[PDB]
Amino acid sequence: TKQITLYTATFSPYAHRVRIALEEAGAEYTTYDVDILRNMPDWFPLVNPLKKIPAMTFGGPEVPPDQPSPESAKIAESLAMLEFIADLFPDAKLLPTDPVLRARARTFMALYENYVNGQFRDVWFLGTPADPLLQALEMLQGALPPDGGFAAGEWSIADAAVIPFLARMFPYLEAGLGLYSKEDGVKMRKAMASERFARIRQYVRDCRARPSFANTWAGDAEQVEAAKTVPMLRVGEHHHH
């Protein structure tokens, strides 16, 4: 019964993770956009002292999201929100019940967070070399069940954690977004269309086909435009190695 408010931004893959889980849970919830990278409201540190999107409030009296209540619980960090939503909506089975299959989901999230995410960040925002990102993506692909299905078999929050980043990769590459070189752009586009990455392409299609993705995605072109508002994606800058 307690209210859920998610503070979000269209460009943000971290916020996207939590919208997907809330959709899969069938939750009632409010979203409120925050211009976190160019014009943070003065009240925003009340919902997240770290000044990051996403932010979540839970419970407390019903109030406008720009008038946050001190009585609501303030939850930070997208992966902690994913586990929270699973805990709140057990009947939605957002994690397996088998402990080993649950561990597959948790391991997949850790593999993404510890080895892949930083490579997406460094290639796109610093223009570091693409080969380590492709190696990390092949490792992640290797953890998927080979015959099809999601990270832990049935869909889980592990797939909410990862699809925002993988689904952005393809249209960002096609639009030439990112500080990496022309040569590394060609390399990544060829690699991601090659047989080496067939399995992760199927995974991306399977995740994108679910309503939870459709209903939380602005469209490829529109997401590309939101990403162009990110200050660190300085247009006309490229790094070469």
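For every residue, the number given is its place in the sequence shown, counted from 1. The term rigid core refers to the maximal set of C-alpha atoms that superpose within 1.5 Å between the two forms.
In terms of root mean square C-alpha deviation after superposing on the rigid core in 8 other deposited structures of this protein, the stretch standing farther out between 203-211 and 34-42 is 34-42. Superposing each structure in 8 other deposited structures of this protein on the rigid core shows that the farther-lying of 227-235 and 5-13, by root-mean-square Cα distance, is 227-235. As recorded in the PDB entry, 143-151 is the stretch of 79-87 and 143-151 with the greater mean C-alpha temperature factor. Taking only CA atoms, the mean B-factor in the PDB entry is higher for 219-227 than for the other of 9-17 and 219-227. Per the PDB record, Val186 has a higher Cα B-factor than any other of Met56, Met192, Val186, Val34. The PDB entry gives the largest Cα B-factor of the residues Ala160, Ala92, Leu111, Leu133 to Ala92. Remark: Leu50 belongs to the middle third of its chain, ranked by C-alpha B-factor as recorded.
Among all modelled residues in this chain, the alpha-carbon of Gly118 has a temperature factor (C-alpha) in the middle third. Sort the modelled residues of the chain by CA B factor and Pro99 lands in the middle third. In the deposited entry, the Cα temperature factor of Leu173 sits in the middle third of values across the chain's modelled residues. Ranked against the other modelled residues of its chain, the C-alpha B-factor of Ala167 as given in the entry falls in the lowest third.
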